[PDB]
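Quick mapping for you: the protein sequence lines, in order, are chains A, B, C, D and E.
Quick note on the numbering used here: the first sequence kicks off at 1 and runs consecutively.
Quick note on the numbering used here: the second sequence kicks off at 1 and runs consecutively.
Quick note on the numbering used here: the third sequence kicks off at 1 and runs consecutively.
Quick note on the numbering used here: the fourth sequence kicks off at 1 and runs consecutively.
Quick note on the numbering used here: the fifth sequence kicks off at 1 and runs consecutively.
Contents: one structure, followed by commentary.
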Amino acid sequence: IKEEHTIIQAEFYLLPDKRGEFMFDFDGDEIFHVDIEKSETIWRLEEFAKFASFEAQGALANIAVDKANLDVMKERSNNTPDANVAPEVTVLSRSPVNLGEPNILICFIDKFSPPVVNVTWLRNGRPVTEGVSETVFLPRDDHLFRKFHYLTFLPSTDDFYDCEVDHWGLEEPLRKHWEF
Amino acid sequence: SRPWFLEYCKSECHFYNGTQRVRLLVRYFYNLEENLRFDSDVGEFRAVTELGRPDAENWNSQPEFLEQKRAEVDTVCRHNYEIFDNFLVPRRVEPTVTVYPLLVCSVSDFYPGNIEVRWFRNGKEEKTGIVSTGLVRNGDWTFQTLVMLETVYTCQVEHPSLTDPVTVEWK
Amino acid sequence: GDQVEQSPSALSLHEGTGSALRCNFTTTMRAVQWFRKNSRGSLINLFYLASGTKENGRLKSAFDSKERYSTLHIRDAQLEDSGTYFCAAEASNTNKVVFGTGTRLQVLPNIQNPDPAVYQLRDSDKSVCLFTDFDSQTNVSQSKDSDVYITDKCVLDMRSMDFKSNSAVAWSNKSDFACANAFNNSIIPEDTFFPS
Amino acid sequence: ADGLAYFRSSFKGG
Amino acid sequence: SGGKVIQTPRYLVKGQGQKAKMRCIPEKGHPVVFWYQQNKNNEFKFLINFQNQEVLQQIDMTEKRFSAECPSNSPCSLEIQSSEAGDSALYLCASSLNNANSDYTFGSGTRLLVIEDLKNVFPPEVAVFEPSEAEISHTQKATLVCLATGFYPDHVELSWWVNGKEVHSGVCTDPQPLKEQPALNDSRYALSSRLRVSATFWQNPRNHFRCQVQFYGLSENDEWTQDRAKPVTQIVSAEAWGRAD
Ligand SMILES: *[C@@H]1O[C@H](CO)[C@@H](O)[C@H](O)[C@H]1NC(C)=O
Ligand SMILES: *[C@@H]1O[C@H](CO)[C@@H](O)[C@H](O)[C@H]1NC(C)=O
């Protein structure tokens, strides 16, 4: 009968990619994020928007300051040494898989930094562009980031899927497999 | 290689037993290094690495700033909790339990992550030979897990969304 | 319309009494600020509150983030406390400072020994009439006919001698004008001293 | 439509 | 300097269509600057804010009608390109230290009046009136009265100077200057003030009393083609010497 929870406001600005990101986390899940370019709040579940509001330009303003701060930290640090923490990738199905019964594949990229990856879905060794979903860079307990990639599919014994993730810390693109 | 530069900041609101005990932990990062901290339990900024010392000294000299921050335990943290207590905190999603051949207990599509799964063979909890995948977060506010028993037979699932325990049994 | 509910609108305090001002917020404020604008003076910064209470001389301020209000208390009202008081706070859910509607505070002096009198003053050859030494219960009313002028009452403080006095000035060019009929437009104390 | 509160970023400098 | 914000000028009158530039010096070490426009109803209108030289935010009106910059090691400025009657207000500058904070500290503010005709501008007539002898016998105190009359607009600041030193104790100046003619508009104004000192002090003939009035009017660059003197910003005084029995 003890309600124990955590709310995180996570925001960053990245170079040389010149992009920033702003989001709220509740007990390990995304509540929302703000599209900095488009300036709109994006609720993780559509149903959330019926209960809460977030003024979008608030997030824009912060990122601007975070942008500026980045310059200050750069000039401050004598040597900025490039270092990478390589991701660990996991593929699995959202639900128990039944043949002919629509489902979702989840590509769980975890424990990595910087927040930049190339992720590719592969049906039978060929890239897939239809039915793919992505999540902003999510926060952790540590300094590392977390990410989800989703793929909708119809199960059959003929198809096999792969999720291929590339990150500046990997020697070779990591490819994680899944079949029936 | 490829040089990169990150200015990362996480403001954590910690709730132990609702809004009774609450602490704020603001953490500033530079690339891979946590450099600055604001711990509401300390009430001042503290440098984690030398890189954060200037910010710490700068901001700690601002009383009205620190005064505002310590108050953010109420003005921001508890403020938001009041809102989230209406839909996020009480959010309940009933699990879907499935059994298939080692015997697998597939508990899928549930929220929150508070879940207990036991294996009963002939009515006693087989507290040995249990292989679990652990809790798995789908990232869409739904969880899943596989609890397995290595014997050559019914599993029970208890959850906050269930008034009465869920049971499944195999022939 | 998009400001903070600040009450009361206006306030009159007898010298040495006290009262309280209050701002009512429509949401959680991140912190509150209080200002006073003097007579021909600048905006004077009085308090910055993020929580709890702060007391500064004869002023005490309180801020309850949850109950969504802030109060300013004046005790032992003095002459210099007169002016316009503002509150200003920014919401925790926005980026913008919003202000209170304002409170105009007038502090009436305590006249221990009222000595209502009217004098005539010569140019150092024009001449003016001075109503002075009346108590704060007397109200000075504007002169009617467009050839005579009368100013509103004013309080002066000879700090060295701990003596305060009310006073109003009247003047004209018209030859039908005498000090005896200068302040006829107002209800003056019955025992007002008329020299000459 | 209750509006969530957030932390505001402060410029670093001197 | 600090902890003080210096806004100049205290008053400003401009003709319709003319430029109105006003300046502000934020507190020493204060990077944050705001411009607010306060009207007659004590409403604060946000115009624009700066962080140093960079503009963080401004409104559509300040973008189209105003031009403002806060140059390094230079006074911050806000300039109206073409003044109109609607721009008559009190412009406030407030400086902060931390952009994520309140704790504004406001300046004195610039009072701007925009009028159609600058031929309506008049400097004040200053007259000092010597203490009545009746008051001295009756109260053992001496009240001097100063009268400033016939000025426009109501942009003046009165001061009493005893023996070359500005005094504040025992002084009373009207809250608001009164219209010399309530009927009609563009009417000239009147303002009174009193200085009361002990009778014995007034009766010392070595003591020097001066009533000084600062008028805020036209500047040297403004054109003036009238017969009468150019109504520029100026000090107008009247004085009086102490008088024995
Ligand atoms: C993603 O691919 C582009 C070229 O396709 C490459 O320049 C970039 O470095 C890649 N990102 C990572 C994290 O390897
Ligand atoms: C937690 O707080 C609730 C009320 O918010 C109270 O009933 C309960 O006893 C508390 N638990 C502990 C362990 O203090």
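Backbone N, C-alpha and C define an ideal beta-carbon position, used for all residues, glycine too.
According to the neighbour-count rule (16 or more other Cβ atoms, all chains shown, within 10 Å of its Cβ), is residue i buried or exposed?
i                      : result
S96 of chain E         : buried
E67 of chain B         : buried
residue 219 of chain C : Because chain C in this structure spans residues 1 to 196, residue 219 of chain C falls outside the shown range and cannot be described.
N98 of chain E         : buried
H155 of chain E        : buried
residue 308 of chain E : Past the boundaries of the shown model lies residue 308 of chain E; chain E is included only from 1 to 245, so the question cannot be answered.
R188 of chain E        : buried
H159 of chain B        : buried
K147 of chain A        : buried
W170 of chain B        : exposed
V34 of chain A         : buried
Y13 of chain A         : buried
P114 of chain A        : buried
Give a yes or no on whether 9 Å exceeds the smallest Cβ distance from residue i to chain E.
i               : result
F45 of chain B  : no
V65 of chain A  : yes
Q120 of chain C : yes
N45 of chain C  : yes
Between residue i and chain A, is any beta-carbon pair separated by less than 9 Å?
i                      : result
residue 255 of chain E : Residue 255 of chain E lies beyond the residue range present for chain E, which begins at 1 and ends at 245; the question has no answer from this structure.
residue 269 of chain E : Only positions 1 to 245 of chain E appear in the structure, and residue 269 of chain E is not among them; the question remains open.
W170 of chain B        : no
Are the CB atoms of residue i and residue j nearer to each other than 9 Å?
i                      : j               : result
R2 of chain B          : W168 of chain A : yes
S95 of chain A         : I109 of chain A : no
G3 of chain E          : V121 of chain E : no
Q214 of chain E        : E125 of chain E : no
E7 of chain B          : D142 of chain A : no
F143 of chain B        : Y111 of chain B : yes
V145 of chain E        : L121 of chain C : yes
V48 of chain B         : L32 of chain B  : no
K19 of chain E         : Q58 of chain E  : no
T71 of chain C         : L11 of chain C  : no
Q6 of chain C          : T101 of chain C : yes
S219 of chain E        : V236 of chain E : no
residue 184 of chain B : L146 of chain B : Lying outside 1 to 171, the shown extent of chain B, residue 184 of chain B is not represented and no answer is given.
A59 of chain A         : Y6 of chain D   : yes
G28 of chain A         : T6 of chain A   : yes
Nearest chain D C-beta to residue i closer than 9 Å, yes or no?
i               : result
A94 of chain E  : no
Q57 of chain A  : no
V72 of chain A  : yes
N80 of chain B  : yes
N101 of chain E : yes
From the beta carbon of residue i, is the nearest beta carbon of chain C less than 9 Å away?
i               : result
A86 of chain A  : no
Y104 of chain E : yes
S53 of chain A  : yes
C172 of chain E : yes
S198 of chain E : yes
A61 of chain A  : yes
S72 of chain E  : no
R70 of chain B  : yes
Using CA coordinates, which residue listed in the options is at the minimum distance from residue i?
i                      : options                          : result
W241 of chain E        : E:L147, E:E79, E:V128 and E:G170 : E:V128
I6 of chain E          : E:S193, E:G150 and E:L92         : E:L92
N95 of chain C         : A:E55, A:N69, A:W43 and A:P16    : A:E55
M29 of chain C         : C:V97, C:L105 and C:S7           : C:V97
residue 236 of chain C : C:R159, C:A117 and C:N24         : This structure cannot speak to residue 236 of chain C, because chain C is shown only from 1 to 196.
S42 of chain C         : E:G109, E:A238 and E:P182        : E:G109
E82 of chain B         : B:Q156, B:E150, B:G18 and B:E12  : B:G18
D140 of chain B        : A:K2, A:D35 and A:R44            : A:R44
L118 of chain E        : E:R23, E:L12, E:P182 and E:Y104  : E:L12
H168 of chain E        : C:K174, C:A91, C:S160 and C:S167 : C:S160
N181 of chain C        : C:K126, C:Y119 and C:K153        : C:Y119
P114 of chain C        : C:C129, C:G1 and C:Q137          : C:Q137
residue 181 of chain A : B:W4, B:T133, B:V157 and B:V166  : The structure shown does not extend to residue 181 of chain A, since chain A is modelled only from 1 through 180, so no value can be given for it.
Give a yes or no on whether 9 Å exceeds the smallest Cβ distance from residue i to chain B.
i              : result
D29 of chain A : yes
*Pull out every residue of the region 77-92 of chain C whose Cβ sits closer than 7 Å to any Cβ of chain D, in chain order.*
Within the region 77-92 of chain C, the residues whose Cβ lies closer than 7 Å to some Cβ of chain D are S92, listed in chain order.
*Could you run through the region 21-32 of chain C and flag, in chain order, every residue whose CB is less than 9 Å away from some CB of chain B?*
Result list: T27, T28, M29, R30 and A31.
*Using a Cβ-Cβ cut-off of less than 9 Å, list which residues of the region 116-137 of chain A approach chain C; keep chain order.*
Going along the region 116-137 of chain A in chain order, one finds no residue with a Cβ nearer than 9 Å to chain C.
*Would you list, in chain order, the members of the region 90-116 of chain A that have their beta-carbon closer than 8 Å to a beta-carbon of chain B?*
For the region 90-116 of chain A, which is checked against every Cβ of chain B, the residues closer than 8 Å are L92, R94, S95, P96, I106, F108, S113, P114, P115 and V116.
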